[PDB]
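J.: please find the sequence and an experimentally derived structure below.
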Amino acid sequence: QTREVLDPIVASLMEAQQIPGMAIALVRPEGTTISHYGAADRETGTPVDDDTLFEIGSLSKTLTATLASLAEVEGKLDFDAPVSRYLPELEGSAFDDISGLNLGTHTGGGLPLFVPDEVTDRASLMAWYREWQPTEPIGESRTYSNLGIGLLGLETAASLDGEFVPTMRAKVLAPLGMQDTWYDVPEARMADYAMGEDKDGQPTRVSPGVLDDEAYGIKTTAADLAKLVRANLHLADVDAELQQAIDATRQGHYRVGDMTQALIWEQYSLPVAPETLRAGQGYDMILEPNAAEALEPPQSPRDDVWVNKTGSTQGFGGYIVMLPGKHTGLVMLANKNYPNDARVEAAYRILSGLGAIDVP
Ligand SMILES: [Ca+2]
Ligand SMILES: [Ca+2]
Ligand SMILES: [Ca+2]
Ligand SMILES: [Ca+2]
Ligand SMILES: [Cs+]
């Protein structure tokens, strides 16, 4: 069925990229199919199964965006308000001029990609933010940023008067049934935690760091991520306010060349050429500032787009695609950090093989 389309493509991908193991969820009206392939740990040979936890890296940012949006729906967070309204410890800094929306769209004045080495804890982070000078025009330039989405997580937690992880668990993960999603893998689930494999074929596992939870720290299953995808596709039964929060994450906020930046989610109008998708995952988009043009008609979520997000760690590579117009979504998790171009190709081939897209 689905599996006759999916299986050969996955086999071929895993051989070409030497990926030890994958977990794949396909979400459609009719239901969700979960598929597991290969080994959770190349060394031990333990097979990937329903309980296997993968590092999803920057896919975590989709949850951060979702909680931020829920705080907004509840009236606790104003997305266009200055960040310093909610983190008064930043009053007088550039965060008087940068909003939560800027942070969720990577338009926060050139805020850099990585947490600097000199930042080692919350106190040193906040002092770094206080001193930092914007290098790009706020709201007019996109620079993909862990610091930015991390600060949105801090802003959101403050607006909700809660700690980020337990608040995420209670307000987003639990209501979505995401019970195999972890920021810190419990000791009792360590046997289920896949071992990563880096580009050099060496075992690797992510280390804690500043803003890890907010930016890149989730370990989860494909099935759990599929619940988030299901809700984004209007295929879940969830709380009205949570559904509203989720839908708002797909509002288009900035045009960035061919790409539309929503709240973390990135999207393209259909039909889309794979080369366009590849360009979205390349050096020029990810590692340079790109001019960004605000959409203040904030675009209502669209039904004729390819919505996506990549995420990686040193040892893992994930990709989510949604096609809201076809009520179809795809989650691909691997315990190898394999090239984004191959993620794009595999996803396109799967979705086209399933009839959810046309090629030429
Ligand atoms: Ca406002
Ligand atoms: Ca560093
Ligand atoms: Ca942390
Ligand atoms: Ca090819
Ligand atoms: Cs959990």
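T.: Arrived safely, thanks for sending. Residues are numbered from 1 along each chain as shown. Ligands and ions are numbered 1, 2, ... in the order given.

J.: tell me the contacts of the spatially closest residue to residue 323 that is not a sequence neighbour?
T.: Closest residue to residue 323 apart from its sequence neighbours, by CB to CB, 6 or more residues apart in numbering: residue 356 at 5.4 Å. From N, CA and C alone the C-beta is placed, and that goes for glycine too. Counting by CB atoms under 8 Å, 6 or more residues apart in numbering, residue 356 makes contact with 323, 326, 328.

J.: redo that, cut-off 10 Å
T.: Counting by CB atoms under 10 Å, 6 or more residues apart in numbering, residue 356 touches 26, 28, 306, 321, 323, 325-330, 348, 350.

J.: Throw the residues you listed into a markdown table and include secondary structure, thanks.
T.: What follows is those, written out as a markdown table (DSSP: H, G, I helix; E, B strand; the rest coil):
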| residue | secondary structure |
| --- | --- |
| 26 | strand |
| 28 | strand |
| 306 | strand |
| 321 | strand |
| 323 | strand |
| 325 | helix |
| 326 | helix |
| 327 | coil |
| 328 | strand |
| 329 | strand |
| 330 | strand |
| 348 | helix |
| 350 | helix |
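
J.: now a ChimeraX select for only the buried ones of the residues you listed.
T.: Of the contacts of residue 356, the buried ones go into a single ChimeraX selection, burial set by 16 or more other CB atoms under 10 Å:
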select :26,28,306,321,323,326,327,328,329,330,348,350
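
J.: how near is the residue nearest to residue 323 to ligand 1?
T.: 37 Å (CB to the ion, to the nearest Å).

J.: mind checking the backbone torsions on that residue?
T.: Reported as degrees, to the nearest 10, the phi and psi values for residue 356 are phi -80, psi -10.

J.: based on its surroundings, how many neighbours for the nearest residue to residue 206 once chain neighbours are set aside?
T.: Leaving aside its sequence neighbours, residue 206 sits nearest to residue 313 (CB to CB, 6+ apart; 4.5 Å). Residue 313: 24 surrounding residues under other CB atoms under 10 Å.

J.: what of residue 81?
T.: 14.

J.: again, but for residue 209
T.: So residue 209, with other CB under 10 Å, has 15 neighbours.

J.: residue 332 contacts residue 13, correct?
T.: Yes - using CB atoms under 10 Å, residue 332 is in contact with residue 13, at 8.6 Å.

J.: picking up where we left off before, need the contacts of residue 356 in TSV (columns: distance to residue 248).
T.: Formatted as TSV, those follow (distance: CB to CB, whole Å):
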residue	distance to residue 248
26	25
28	24
306	19
321	20
323	19
325	18
326	21
327	19
328	21
329	18
330	22
348	27
350	28
